[PDB]
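Following: one structure in structure tokens, then a few remarks.
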2 protein chains.
Amino acid sequence: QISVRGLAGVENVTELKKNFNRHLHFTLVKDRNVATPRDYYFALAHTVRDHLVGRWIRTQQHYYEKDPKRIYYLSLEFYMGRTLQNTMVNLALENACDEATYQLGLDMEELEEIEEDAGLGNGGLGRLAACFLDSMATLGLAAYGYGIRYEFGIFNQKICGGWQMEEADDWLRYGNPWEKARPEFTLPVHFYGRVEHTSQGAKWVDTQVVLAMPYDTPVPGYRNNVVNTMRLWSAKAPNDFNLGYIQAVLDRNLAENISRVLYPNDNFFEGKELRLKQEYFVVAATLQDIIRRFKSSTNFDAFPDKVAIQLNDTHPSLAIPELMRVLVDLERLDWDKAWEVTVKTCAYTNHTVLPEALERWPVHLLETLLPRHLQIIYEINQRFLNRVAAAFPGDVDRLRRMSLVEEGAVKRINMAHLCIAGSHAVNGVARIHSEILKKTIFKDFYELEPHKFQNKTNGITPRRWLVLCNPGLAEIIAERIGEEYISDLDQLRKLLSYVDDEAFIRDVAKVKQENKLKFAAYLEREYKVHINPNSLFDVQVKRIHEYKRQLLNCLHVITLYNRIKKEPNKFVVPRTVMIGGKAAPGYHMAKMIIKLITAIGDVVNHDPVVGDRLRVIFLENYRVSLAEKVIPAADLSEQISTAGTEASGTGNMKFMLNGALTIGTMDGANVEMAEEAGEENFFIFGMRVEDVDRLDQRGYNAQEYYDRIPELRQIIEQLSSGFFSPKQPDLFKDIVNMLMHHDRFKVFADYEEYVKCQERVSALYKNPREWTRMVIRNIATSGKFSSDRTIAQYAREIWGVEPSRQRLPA
Amino acid sequence: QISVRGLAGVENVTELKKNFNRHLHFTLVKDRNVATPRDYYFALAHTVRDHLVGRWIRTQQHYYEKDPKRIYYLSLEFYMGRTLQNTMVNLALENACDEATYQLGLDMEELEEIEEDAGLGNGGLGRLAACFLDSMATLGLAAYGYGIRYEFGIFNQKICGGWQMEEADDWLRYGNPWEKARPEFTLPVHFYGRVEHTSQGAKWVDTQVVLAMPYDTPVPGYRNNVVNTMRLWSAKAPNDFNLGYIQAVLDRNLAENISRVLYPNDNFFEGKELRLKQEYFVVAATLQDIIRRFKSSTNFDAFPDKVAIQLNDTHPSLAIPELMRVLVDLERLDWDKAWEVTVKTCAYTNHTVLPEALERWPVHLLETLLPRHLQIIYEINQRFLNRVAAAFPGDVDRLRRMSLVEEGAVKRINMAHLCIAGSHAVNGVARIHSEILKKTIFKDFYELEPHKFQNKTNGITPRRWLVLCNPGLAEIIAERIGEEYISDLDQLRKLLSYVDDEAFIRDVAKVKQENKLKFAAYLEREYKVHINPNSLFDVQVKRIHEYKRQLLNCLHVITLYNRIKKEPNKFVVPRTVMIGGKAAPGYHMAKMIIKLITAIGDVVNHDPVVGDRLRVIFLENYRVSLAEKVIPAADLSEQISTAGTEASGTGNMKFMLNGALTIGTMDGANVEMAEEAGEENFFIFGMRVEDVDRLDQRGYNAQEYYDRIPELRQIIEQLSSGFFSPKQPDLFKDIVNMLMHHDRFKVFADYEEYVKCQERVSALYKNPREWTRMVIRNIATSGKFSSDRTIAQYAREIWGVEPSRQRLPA
Ligand SMILES: OC[C@H]1O[C@@H](c2cc(O)c(Br)cc2O)[C@H](O)[C@@H](O)[C@@H]1O
Ligand SMILES: OC[C@H]1O[C@@H](c2cc(O)c(Br)cc2O)[C@H](O)[C@@H](O)[C@@H]1O
């Protein structure tokens with residue numbers, strides 16, 4: 001149907017049809033009479049998978065023969081979403097498969113909806129790893145993603161009586177056609193035990209053993225015939241485990257619990273032993289695999305020339321002492337040489353400055369679980385602090401500030417400090433964030449080793465986040481400037497020459513309208529909710545957090561409602577306000593915010609005076625597959641975190657690429673987005689980082705705003721009195737108390753500017769032609785935010801490898 | 001190479017080769033450079049599996065269109081062993097696959113050794129179910145095996161310091177290519193809760209739910225193109241299970257523990273709640289599946305005309321009250337009609353008369369776990385006892401004896417009584433056993449309902465137990481009488497006309513020698529143990545139990561050793577005595593017997609005076625795949641249970657078919673074996689059932705035998721004094737004490753006759769020609785013991801269906 005989806009050749013369609021029938025028969029053991037829609041999905045999945053394997057085998061063979069430097073991306077999260085459409089896109093198979101299935105009497109889009117999301121992540125950090133894998137394969141890097149194969153990913157969110165309910169994401173129930181178990185590469189991982197000192201070094205003895213079994217998933221590059229590997233470890237008990245008899249067999253579950261479930265926290269540290277076990281499990285198994293592959297290419301001087309290890313946040317920080325352990329205890333290298341190898345191999349990416357998100361593990365935990373690693377950490381710390389003392393003689397407070405060991409009630413290890421000490425490069429994820437790191441939390445470290453500190457502004461893959469989710473937009477762009485932009489997003493700048501092109505303006509606006517109609521229909525079909533498709537689609541989708549300020553959005557919604565009720569017969573630009581995202585199960589305030597949103601919708605959506613002018617909808621179960629649907633449909637992107645809190649954001653980039661305008665603070669990557677598009681083409685409001693700092697020195701008094709803003713006063717009175725909860729008048733007491741007395745994120749301080757800025761959004765939307773022209777100026781300047789750009793920067797500036805767009809033989 | 005293994009046609013070999021390469025590439029994602037022997041096994045397994053699927057789909061389609069009466073074989077055990085060779089045999093693919101793999105540079109026998117046993121059974125009862133499935137498919141019956149998919153089968157046995165050690169049988173670690181998951185046929189199973197009485201009957205409410213997910217395995221008939229199904233249920237937690245968050249997800253293991261592990265008890269009842277859950281789990285899921293299939297053919301009058309349910313022992317006895325529950329509570333049938341349907345549908349097979357093996361469930365357990373079923377059992381009991389009272393007025397003791405409820409310290413339900421009451425047919429498994437049932441333990445029931453009681457003498461499948469494991473013998477037989485005997489074993493009688501044929505005598509003896517050489521080499525290669533291949537191979541392989549009297553064998557071995565030591569320079573027929581089998585982990589005496597056997601070997605095997613004249617070997621990890629190796633190699637089969645204790649035995653039949661002579665008591669099927677072959681061709685010794693009864697009335701005094709048999713006295717003195725355990729003199733004190741004071745199985749009583757009989761075995765073995773002629777007379781009369789004969793009898797006399805040898809279209 002559309003060009004960017006590839007060719008549907010006679011030969012290819014015929015072959016896809018026969019291979020589909022073969023899999024339905026031999027693989028699924030079904031015929032057309034007893035086959036379910038799910039059977040048809042799997043038949044297609046296996047058919048597409050067949051096309052990967054040849055390229056997958058020859059890619060890995062190519063790496064063995066050429067022996068390039070290998071990149072190992074270690075992450076506790078890989079938020080992959082669905083694989084079927086992505087594989088078709090990257091292999092240029094989409095139109096051919098669409099044709100083949102149509103001829104078999106099936107709708108491919110219907111079949112695509114059957115696939116479960118691989119929800120092995122919480123949000124931005126996990127999705128970044130997924131975009132990164134796509135870009136590394138597209139740029140022909142010898143890259144491996146290493147993580148954990150969680151049996152249960154991020155919970156499925158149900159809304160019951162306006163409250164979030166959690167249920168287990170049993171994503172593997174029907175099987176996973178994409179993975180390949182590799183039980184032959186199973187490796188042992190050690191826990192507990194004790195340290196013995198001998199005449200020939202230290203020995204870690206009397207350990208408990210858990211086996212790590214790898215499952216490999218292909219990661220195809222964009223039409224370059226490269227297929228890289230994501231390797232995910234699964235926990236297995238050894239067969240002599242606890243070996244009355246029956247209980248011993250049943251107790252195998254304890255060991256295998258390591259890979260059972262993803263911790264559902266985003267931007268929050270929970271210091272649980274199971275999480276620590278998960279973190280060591282991935283690191284220990286991965287490092288053995290790395291070293292094995294390095295030897296099968298004795299002399300570890302060349303190790304950093306052939307190996308780069310990227311630490312995604314501090315979660316895999318134990319890689320540093322684990323590498324030291326293997327090099328010193330097992331390979332018999334001297335400390336200084338082992339340390340040189342470690343530092344040159346490891347690099348660390350920081351993703352947050354929020355104090356509650358920073359990993360600080362109690363010493364007593366590491367003492368029991370990993371006795372040898374604690375000893376190595378202490379030694380690293382002593383040697384590091386000796387360097388600090390020599391550099392800054394007499395500065396005793398610096399020594400306490402920089403220490404890997406934090407003293408207090410319970411002694412803790414600061415994993416961020418460990419990462420900086422043992423890495424040759426430390427980067428933040430957006431220019432403002434990387435600057436904040438050098439100025440505030442890592443200031444002492446920057447002063448000691450300035451060369452270590454870098455910036456790598458985040459990006460998103462234009463394959464999933466344009467071609468896959470918005471083929472209509474991808475097509476109208478390709479019609480003008482060709483297809484090369486898909487792996488060279490900077491080419492979108494060529495669209496600036498079409499800003500006054502009447503045909504293009506109309507086409508851009510048409511694609512958005514179509515996307516909105518499709519999403520409005522999805523809401524009626526799957527959720528029985530009614531919306532006006534001619535209204536402005538105002539959307540905020542991201543994890544529920546106080547710092548992300550879903551509460552500020554709520555205040556604006558109530559302001560709009562109150563203004564309508566005051567002057568009912570006055571015209572207002574109709575809006576559909578959509579908010580979605582999951583709350584961490586133990587985060588009370590976040591769960592209260594979800595309830596507030598639904599409670600507002602309950603009042604607003606059923607007021608006859610409002611009509612179709614204002615609708616408030618909570619988007620249930622926000623996840624990658626839902627993002628792919630709602631983002632192309634959005635008119636307005638809400639990126640309203642308190643300045644200095646959102647390290648980068650990536651949702652922001654997705655909305656920009658897909659034809660929404662942005663209302664936002666100067667926070668994270670918003671700053672660079674506004675810089676690229678021009679501030680005139682961005683709806684910027686609120687305090688800058690400097691303004692927050694000034695308010696903090698003075699002391700933030702929320703009462704001042706309440707006293708001086710009558711519209712804000714009314715809302716707080718409405719909340720307190722039970723306007724949005726008539727049967728439970730005091731339901732939102734915690735929210736009011738927080739807002740009034742202990743708001744870390746200064747919601748009231750940005751309220752006036754936000755509401756004013758929103759009025760300017762409504763004004764522009766009244767002029768469709770000028771709205772669309774501003775949209776074109778955003779899409780045209782979104783190029784910098786391709787993860788291809790990001791990965792090329794990591795490659796050249798951290799890993800010391802050159803990216804390549806050259807095809808491998810088909 | 002050999003005829004019975006089928007044709008190796010040019011076309012077939014070429015196709016097998018290309019499909020093997022396809023699976024290695026697309027299925028296993030490997031090339032010939034990085035492929036392991038296990039990869040080659042799986043490539044072959046998938047290739048052979050492809051040939052099943054077409055026949056499997058069309059068999060089940062045929063059953064849907066013809067709508068025959070369906071047979072449901074319910075068992076907690078299916079001891080299947082390996083599947084690869086069996087599938088090749090039944091599909092006539094063995095020679096073709098051998099040729100294809102040879103041309104690819106691979107040895108097929110080497111690849112066959114890689115497959116894990118499906119060890120989902122303990123011994124005879126589980127293996128009988130496996131032989132039965134093979135025969136039902138071969139006889140073209142619409143039959144389904146229903147059981148549990150245990151994650152862990154019977155433990156792997158390790159011998160350490162002469163002691164049994166258990167380790168988990170993680171048989172699914174590398175995957176199972178034979179099974180197909182059917183998550184679309186997942187069914188709920190209910191536990192606990194309470195019973196509410198309404199105006200419209202009783203209701204079972206507030207239950208806990210476990211899901212039952214079926215996995216289907218094909219069961220091919222012998223070259224008739226029939227492929228039946230074995231359906232095994234796996235336990236799954238519902239997704240809202242216990243839905244802080246993390247613990248709730250981890251607790252899903254509790255529900256899924258139902259299908260985790262097979263209870264490793266053979267002929268012993270362990271009254272554990274987990275076992276009861278297993279028993280209900282299989283019954284509840286199966287019955288829903290049966291009823292669903294019956295409706296998809298309202299009027300349950302026709303239910304018994306379309307459904308037969310066979311209960312393999314009392315383990316699935318809950319089928320009776322569960323069927324009643326569904327019919328009364330859910331389908332709204334009146335009690336009397338539901339009972340009529342139940343009785344006509346269900347039939348029960350008893351497998352033991354040992355009191356410790358009989359299932360008697362505490363009422364308090366059933367009260368808590370299955371409250372509605374207990375109520376139904378009480379009602380069944382009241383109505384049944386009213387019938388007894390009307391038939392035998394005033395016989396109050398009969399009423400207490402026949403009751404389903406046993407009074408005492410803890411009230412118990414006798415599941416055997418439940419089965420008789422609710423079944424239209426009750427059978428024992430050998431003529432002597434079925435007679436014992438009518439005369440002793442079920443005498444009261446036989447008197448009430450004589451028509452209910454039948455015999456069905458056990459059998460073994462000649463496919464696995466001759467063609468597969470002994471192709472050399474199968475071939476020399478086929479050379480004379482053709483191939484038809486493989487599915488018509490009675491044809492072996494034609495071999496009687498060759499008893500004086502010099503060519504045949506030589507060929508029979510040659511096949512045995514070859515088998516012995518091959519096994520003697522297997523012992524050196526895999527276990528580094530040395531044996532003389534010219535010695536008499538004296539073997540006892542079966543589970544370790546006091547009733548099976550491995551101890552009597554031990555006494556004979558020591559007698560032989562002592563006689564050699566007394567007269568070293570006297571000639572004796574050299575023997576290799578092999579004993580193997582697993583002991584239940586909690587069965588202390590059985591574990592002591594294993595230690596005794598190894599301890600004897602430790603002394604005997606290292607005595608220079610003995611030389612190669614006597615060797616004692618414990619066969620480690622006895623299982624189906626090992627039986628297939630050792631049984632063809634045996635000269636002498638030990639079947640020496642105390643008369644009246646071995647219900648049938650099936651190992652006995654396997655040895656008879658494979659050219660071993662039998663030394664045995666007149667117990668179980670031994671009686672019928674001797675009847676078929678002629679008593680002159682069998683080494684019969686010891687007490688008959690009547691003799692045991694006489695001794696029991698008098699009182700068994702072991703001291704009498706000790707006092708009057710000096711050779712026996714010496715052995716007991718040797719055991720007590722520490723002759724076989726110098727470092728631990730009192731090690732075997734428990735064994736001596738048992739033998740002397742509390743031997744339920746009268747080991748001493750049969751000692752003299754046994755030793756005398758063994759002397760006659762050695763005498764015959766000295767005359768190879770006459771030994772072989774007697775062997776021919778055994779093989780020639782083994783026909784009755786085909787499970788094809790057994791299943792044809794069940795079909796005609798219990799199920800009311802006619803077997804068929806007619807082929808389905810290929
Ligand atoms: O860098 C990727 C994303 O990481 C997010 C992020 C940072 C963390 O430290 C953790 Br733990 C989870 C997470 O999603 C940031 O909040 C975003 O600002 C950023 O865009
Ligand atoms: O009928 C099959 C076999 O069942 C065996 C047998 C009977 C049982 O009740 C249990 Br529980 C387990 C078992 O293996 C008998 O001991 C054999 O004599 C018989 O041949």
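Each chain of the structure tokens is named A, B, ... in the order shown, its residues numbered from 1; ligands are numbered from 1 in display order.
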Would you mind listing the residues within 6 Å of ligand 2, counting only C-alpha atoms and all ligand atoms, as JSON, numbers by chain?
{"B": [123, 124, 125, 128, 266, 267, 268, 351, 352, 357, 429, 646, 647, 648, 649, 650]}
File of the preceding selection, N, CA, C and O atoms, as a short mmCIF file (atom, residue, chain, number, x, y, z; two decimals), in the first residue's frame:
data_model
loop_
_atom_site.label_atom_id
_atom_site.label_comp_id
_atom_site.auth_asym_id
_atom_site.auth_seq_id
_atom_site.Cartn_x
_atom_site.Cartn_y
_atom_site.Cartn_z
N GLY B 123 7.72 -47.59 38.59
CA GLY B 123 8.02 -48.97 38.23
C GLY B 123 6.91 -49.59 37.42
O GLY B 123 6.48 -49.01 36.42
N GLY B 124 6.43 -50.74 37.87
CA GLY B 124 5.50 -51.58 37.12
C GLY B 124 4.17 -50.95 36.74
O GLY B 124 3.70 -51.12 35.62
N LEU B 125 3.56 -50.23 37.68
CA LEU B 125 2.27 -49.59 37.45
C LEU B 125 2.38 -48.50 36.38
O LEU B 125 1.52 -48.42 35.49
N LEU B 128 3.24 -50.10 32.93
CA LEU B 128 2.05 -50.75 32.38
C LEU B 128 1.20 -49.76 31.60
O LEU B 128 0.72 -50.07 30.51
N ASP B 266 6.83 -46.68 45.54
CA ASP B 266 6.27 -47.78 44.75
C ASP B 266 5.68 -48.75 45.76
O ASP B 266 6.34 -49.12 46.72
N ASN B 267 4.42 -49.13 45.56
CA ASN B 267 3.73 -50.05 46.48
C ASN B 267 3.70 -49.58 47.93
O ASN B 267 3.84 -50.40 48.85
N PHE B 268 3.53 -48.28 48.14
CA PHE B 268 3.46 -47.71 49.49
C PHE B 268 2.65 -46.42 49.51
O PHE B 268 2.85 -45.53 48.67
N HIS B 351 -3.95 -53.27 41.77
CA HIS B 351 -2.58 -53.68 41.45
C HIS B 351 -1.80 -54.26 42.64
O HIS B 351 -0.62 -54.58 42.49
N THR B 352 -2.44 -54.38 43.80
CA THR B 352 -1.74 -54.84 45.01
C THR B 352 -2.67 -55.33 46.12
O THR B 352 -3.80 -54.87 46.22
N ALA B 357 0.09 -50.41 51.05
CA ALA B 357 -0.03 -49.75 49.75
C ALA B 357 -1.44 -49.22 49.47
O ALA B 357 -1.64 -48.46 48.52
N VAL B 429 -4.70 -58.19 38.06
CA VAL B 429 -3.72 -58.06 36.96
C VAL B 429 -2.99 -59.37 36.62
O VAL B 429 -2.08 -59.39 35.78
N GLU B 646 3.50 -60.39 44.81
CA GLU B 646 3.66 -59.70 43.53
C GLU B 646 2.38 -59.91 42.72
O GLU B 646 2.14 -61.00 42.21
N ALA B 647 1.54 -58.87 42.62
CA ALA B 647 0.25 -59.00 41.93
C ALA B 647 0.41 -59.66 40.55
O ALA B 647 -0.28 -60.63 40.24
N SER B 648 1.33 -59.14 39.74
CA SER B 648 1.60 -59.73 38.44
C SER B 648 3.10 -59.80 38.19
O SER B 648 3.67 -60.90 38.00
N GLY B 649 3.75 -58.64 38.20
CA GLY B 649 5.09 -58.51 37.66
C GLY B 649 4.97 -58.32 36.15
O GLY B 649 4.06 -58.87 35.52
N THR B 650 5.86 -57.51 35.59
CA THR B 650 5.94 -57.34 34.13
C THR B 650 7.37 -57.51 33.63
O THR B 650 7.59 -57.92 32.49
#
Counting only C-alpha atoms and all ligand atoms, what residues are within 10 Å of ligand 1, given as a short mmCIF file (atom, residue, chain, number, x, y, z; two decimals) with N, CA and C atoms, in the first residue's frame?
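And here is the file that came out, out-v9.cif:
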data_model
loop_
_atom_site.label_atom_id
_atom_site.label_comp_id
_atom_site.auth_asym_id
_atom_site.auth_seq_id
_atom_site.Cartn_x
_atom_site.Cartn_y
_atom_site.Cartn_z
N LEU A 76 19.72 -3.81 33.89
CA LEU A 76 18.73 -4.63 34.59
C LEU A 76 17.37 -4.53 33.89
N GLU A 77 17.30 -3.69 32.86
CA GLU A 77 16.04 -3.44 32.15
C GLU A 77 16.24 -3.32 30.65
N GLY A 121 11.05 -3.78 31.67
CA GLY A 121 11.54 -2.48 32.12
C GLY A 121 10.40 -1.67 32.70
N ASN A 122 10.74 -0.57 33.36
CA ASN A 122 9.79 0.28 34.07
C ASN A 122 9.35 1.50 33.28
N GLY A 123 10.30 2.10 32.57
CA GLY A 123 10.05 3.34 31.85
C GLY A 123 11.24 3.76 31.02
N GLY A 124 11.69 4.99 31.23
CA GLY A 124 12.70 5.63 30.38
C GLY A 124 14.05 4.94 30.31
N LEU A 125 14.55 4.48 31.45
CA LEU A 125 15.86 3.83 31.51
C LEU A 125 15.84 2.51 30.73
N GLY A 126 14.77 1.73 30.92
CA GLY A 126 14.59 0.47 30.22
C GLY A 126 14.34 0.64 28.72
N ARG A 127 13.56 1.66 28.36
CA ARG A 127 13.27 1.91 26.94
C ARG A 127 14.51 2.44 26.22
N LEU A 128 15.34 3.21 26.93
CA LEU A 128 16.59 3.72 26.35
C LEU A 128 17.49 2.57 25.92
N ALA A 129 17.61 1.55 26.77
CA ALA A 129 18.38 0.36 26.45
C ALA A 129 17.86 -0.32 25.17
N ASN A 265 9.92 -0.43 40.53
CA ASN A 265 10.28 0.92 40.92
C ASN A 265 10.95 1.70 39.80
N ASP A 266 10.50 2.92 39.57
CA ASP A 266 11.15 3.79 38.61
C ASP A 266 11.65 4.99 39.40
N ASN A 267 12.92 5.33 39.23
CA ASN A 267 13.53 6.45 39.96
C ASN A 267 13.41 6.35 41.49
N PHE A 268 13.54 5.14 42.02
CA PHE A 268 13.47 4.91 43.47
C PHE A 268 14.27 3.68 43.88
N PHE A 269 15.11 3.83 44.90
CA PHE A 269 15.94 2.74 45.39
C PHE A 269 15.27 1.99 46.53
N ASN A 312 24.60 0.70 32.68
CA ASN A 312 23.36 1.45 32.62
C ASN A 312 22.87 1.77 34.03
N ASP A 313 23.22 2.97 34.50
CA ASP A 313 23.04 3.40 35.89
C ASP A 313 23.96 2.56 36.79
N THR A 314 23.74 2.60 38.11
CA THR A 314 24.60 1.87 39.04
C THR A 314 24.14 0.44 39.26
N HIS A 315 23.03 0.05 38.64
CA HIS A 315 22.47 -1.28 38.89
C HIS A 315 23.47 -2.42 38.64
N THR A 349 27.01 5.40 33.01
CA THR A 349 26.00 6.39 32.66
C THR A 349 25.08 6.63 33.86
N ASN A 350 25.01 7.89 34.29
CA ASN A 350 24.10 8.32 35.35
C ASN A 350 22.79 8.83 34.74
N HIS A 351 21.67 8.52 35.39
CA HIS A 351 20.34 8.82 34.84
C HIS A 351 19.46 9.66 35.77
N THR A 352 19.98 10.07 36.93
CA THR A 352 19.17 10.81 37.91
C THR A 352 20.00 11.56 38.95
N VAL A 353 19.45 12.66 39.47
CA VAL A 353 20.05 13.38 40.60
C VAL A 353 19.17 13.32 41.84
N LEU A 354 18.03 12.63 41.74
CA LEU A 354 17.13 12.46 42.89
C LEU A 354 17.78 11.58 43.95
N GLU A 356 16.68 9.94 46.53
CA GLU A 356 15.98 8.69 46.85
C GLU A 356 16.19 7.58 45.82
N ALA A 357 16.71 7.95 44.65
CA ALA A 357 16.95 7.00 43.56
C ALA A 357 18.37 6.43 43.56
N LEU A 358 19.26 7.03 44.35
CA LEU A 358 20.66 6.63 44.37
C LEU A 358 20.88 5.36 45.20
N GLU A 359 21.59 4.40 44.63
CA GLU A 359 21.82 3.12 45.29
C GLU A 359 22.88 3.22 46.36
N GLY A 428 26.29 12.06 31.75
CA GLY A 428 24.88 12.32 31.98
C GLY A 428 24.15 12.20 30.65
N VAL A 429 22.84 12.39 30.68
CA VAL A 429 21.97 11.99 29.55
C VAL A 429 21.29 13.17 28.84
N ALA A 430 21.66 14.38 29.24
CA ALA A 430 21.23 15.62 28.56
C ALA A 430 22.15 16.73 29.03
N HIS A 433 21.66 18.17 32.48
CA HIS A 433 21.88 17.12 33.48
C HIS A 433 23.37 16.91 33.72
N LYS A 456 26.14 12.79 26.94
CA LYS A 456 25.59 12.08 25.79
C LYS A 456 24.08 12.24 25.85
N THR A 457 23.56 13.24 25.13
CA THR A 457 22.13 13.52 25.14
C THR A 457 21.38 12.31 24.57
N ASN A 458 20.33 11.90 25.27
CA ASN A 458 19.51 10.75 24.89
C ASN A 458 18.90 10.90 23.51
N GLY A 459 18.43 9.77 22.97
CA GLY A 459 17.71 9.76 21.71
C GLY A 459 16.72 8.61 21.69
N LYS A 542 3.60 8.85 31.05
CA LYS A 542 4.89 8.62 31.69
C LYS A 542 4.55 8.04 33.06
N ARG A 543 5.54 7.46 33.73
CA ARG A 543 5.33 6.94 35.09
C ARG A 543 4.79 8.02 36.02
N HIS A 545 4.88 10.11 39.09
CA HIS A 545 5.84 10.57 40.08
C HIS A 545 5.52 11.99 40.46
N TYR A 547 7.72 14.31 40.99
CA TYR A 547 8.59 15.21 40.22
C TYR A 547 8.07 15.50 38.80
N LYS A 548 7.37 14.54 38.21
CA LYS A 548 6.80 14.70 36.86
C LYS A 548 5.55 15.60 36.85
N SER A 641 7.94 18.62 34.29
CA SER A 641 8.74 18.34 35.48
C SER A 641 9.34 19.63 36.05
N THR A 645 14.97 18.20 37.60
CA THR A 645 14.57 16.88 38.12
C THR A 645 14.51 15.76 37.08
N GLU A 646 14.05 16.08 35.86
CA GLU A 646 14.01 15.09 34.78
C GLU A 646 15.36 15.11 34.07
N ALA A 647 16.19 14.09 34.31
CA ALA A 647 17.54 14.06 33.74
C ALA A 647 17.53 14.36 32.23
N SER A 648 16.69 13.65 31.49
CA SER A 648 16.54 13.91 30.06
C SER A 648 15.08 13.90 29.65
N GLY A 649 14.42 12.77 29.89
CA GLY A 649 13.13 12.49 29.26
C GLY A 649 13.40 11.94 27.87
N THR A 650 12.56 11.01 27.43
CA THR A 650 12.63 10.48 26.06
C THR A 650 11.25 10.51 25.39
N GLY A 651 10.19 10.40 26.20
CA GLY A 651 8.82 10.59 25.72
C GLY A 651 8.70 11.91 24.97
N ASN A 652 9.33 12.96 25.52
CA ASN A 652 9.38 14.27 24.85
C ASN A 652 9.82 14.22 23.38
N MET A 653 10.85 13.42 23.11
CA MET A 653 11.39 13.27 21.76
C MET A 653 10.41 12.54 20.84
N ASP A 667 13.80 21.82 31.31
CA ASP A 667 14.33 20.71 32.09
C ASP A 667 14.78 19.59 31.14
N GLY A 668 15.82 18.86 31.53
CA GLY A 668 16.31 17.74 30.73
C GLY A 668 16.54 18.10 29.28
N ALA A 669 16.12 17.20 28.39
CA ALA A 669 16.31 17.41 26.95
C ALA A 669 15.35 18.44 26.34
#
Tell me, counting only C-alpha atoms, for each residue of chain B within 8 Å of chain A, which pair of atoms is nearest and how far apart they are in Å to one decimal, in rows ordered by chain and increasing number, as a Markdown table.
| residue | atom | partner | partner_atom | distance |
| --- | --- | --- | --- | --- |
| B:25 | CA | A:53 | CA | 7.6 |
| B:26 | CA | A:50 | CA | 6.0 |
| B:28 | CA | A:180 | CA | 8.0 |
| B:29 | CA | A:53 | CA | 6.3 |
| B:30 | CA | A:57 | CA | 7.3 |
| B:31 | CA | A:57 | CA | 8.0 |
| B:50 | CA | A:26 | CA | 6.0 |
| B:53 | CA | A:29 | CA | 6.3 |
| B:54 | CA | A:25 | CA | 7.9 |
| B:57 | CA | A:29 | CA | 7.2 |
| B:166 | CA | A:243 | CA | 6.8 |
| B:167 | CA | A:240 | CA | 5.5 |
| B:168 | CA | A:239 | CA | 5.4 |
| B:169 | CA | A:239 | CA | 7.5 |
| B:170 | CA | A:239 | CA | 7.1 |
| B:173 | CA | A:183 | CA | 7.7 |
| B:174 | CA | A:183 | CA | 6.4 |
| B:180 | CA | A:28 | CA | 8.0 |
| B:183 | CA | A:174 | CA | 6.4 |
| B:239 | CA | A:168 | CA | 5.4 |
| B:240 | CA | A:167 | CA | 5.5 |
| B:243 | CA | A:167 | CA | 6.3 |
| B:245 | CA | A:585 | CA | 6.7 |
| B:246 | CA | A:261 | CA | 7.3 |
| B:249 | CA | A:168 | CA | 6.7 |
| B:250 | CA | A:257 | CA | 7.0 |
| B:253 | CA | A:253 | CA | 7.3 |
| B:257 | CA | A:250 | CA | 7.0 |
| B:260 | CA | A:250 | CA | 7.2 |
| B:261 | CA | A:246 | CA | 7.3 |
| B:263 | CA | A:246 | CA | 7.5 |
| B:585 | CA | A:245 | CA | 6.7 |
Apply DSSP to the backbone of this structure and, from range 2-121 of chain A, keep only the residues in alpha helix (DSSP H); write these as a PyMOL selection string.
chain A and resi 10-22+37-66+84-91+94-103+108-112
